[PDB]
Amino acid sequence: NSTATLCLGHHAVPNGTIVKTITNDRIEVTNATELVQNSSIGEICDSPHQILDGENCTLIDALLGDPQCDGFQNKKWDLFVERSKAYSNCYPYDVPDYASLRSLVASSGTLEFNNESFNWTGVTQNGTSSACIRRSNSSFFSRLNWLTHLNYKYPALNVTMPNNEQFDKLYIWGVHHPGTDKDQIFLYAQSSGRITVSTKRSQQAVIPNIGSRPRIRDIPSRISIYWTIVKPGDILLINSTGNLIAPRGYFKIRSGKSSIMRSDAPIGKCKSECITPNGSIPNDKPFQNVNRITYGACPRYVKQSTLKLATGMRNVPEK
């Protein structure tokens, strides 16, 4: 009369990992995976997204034509990376809605300038300044045109540029605010010069303010930058008497996956579809803790540094 015994049981591991459930803060299980990406490789991968590095240039500076940003002319990008070392080496400028312009150009993702010939009759063209030094001579923004008086007479300007090529045009333009009255007569030969740039749907009027300003690159005058968008079938109308920083052409605006990100991480050679200011990160986890700023297919940002999901059963040790 023999007997036998048959026990049923599960496996166990020496130490295991600790997770959290609905009922307990700490519980030991055999295996668990991490759901939060807590690290970055340290560099921004140049694939699969197109990366343009501004280095010493900002997006607006490359848009305007800073003498250190002529290499960004007619350049497209998927993500524009701005460094915390960029500076301006041109005429001091102030864009009243800077963030909106930067977002506009970033979402456009292209800096594509097609030049147009405006009938600037009676005004001296291609103005120059000692703050903007292209090559080794005084210059100005490449995409900007500075008009001064001809024969000490600045005539009225009435220039029309329609849009018939079936794509929206982004026009840059500016208004010069001289630091002295004497400067205003020296360049524009008028007391004060009004500016009116209009389309069939929008109008913009700018009046210049003449007065001293803090000197950057030994220039007390400033220039205000404005942007105008013209639809296909609409005409751009510029009507002025002076203090006009004229467009040299039209910038193209597109609708795409493009944006701009601020970082100081090197553009290393790899492929990662998620870019972060701290560097590119891998999209193998649902969540992440690197940065709240993301581009591409990116894990969602959470405040928690650690979040483990058990890939095994409760670990009951033999001991």
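Numbering starts at 1 and follows the sequence shown.
- Mean C-alpha B-factor is higher over 38-46 than over the other stretch, the pair under comparison being 38-46 and 281-289.
- The question of which stretch, 113-121 or 98-106, has the higher mean Cα B factor is settled in favour of 113-121.
- Of the candidates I260, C270, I275, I60, the PDB record gives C270 the highest C-alpha temperature factor.
- Comparing the listed residues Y188, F167, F141, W227, the entry records the largest Cα B-factor for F167.
- Annotation for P14: C-alpha temperature factor in the highest third relative to the rest of the modelled chain, per the entry.
- In the PDB entry, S136 places in the highest third of its chain by CA B-factor.
- In this PDB entry, the Cα temperature factor of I235 sits in the middle third of its chain's modelled residues.
- The entry lists a Cα temperature factor for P155 that places it in the middle third of the chain's modelled residues.
- Ranked against the other modelled residues of its chain, the C-alpha B-factor of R201 as given in the entry falls in the highest third.
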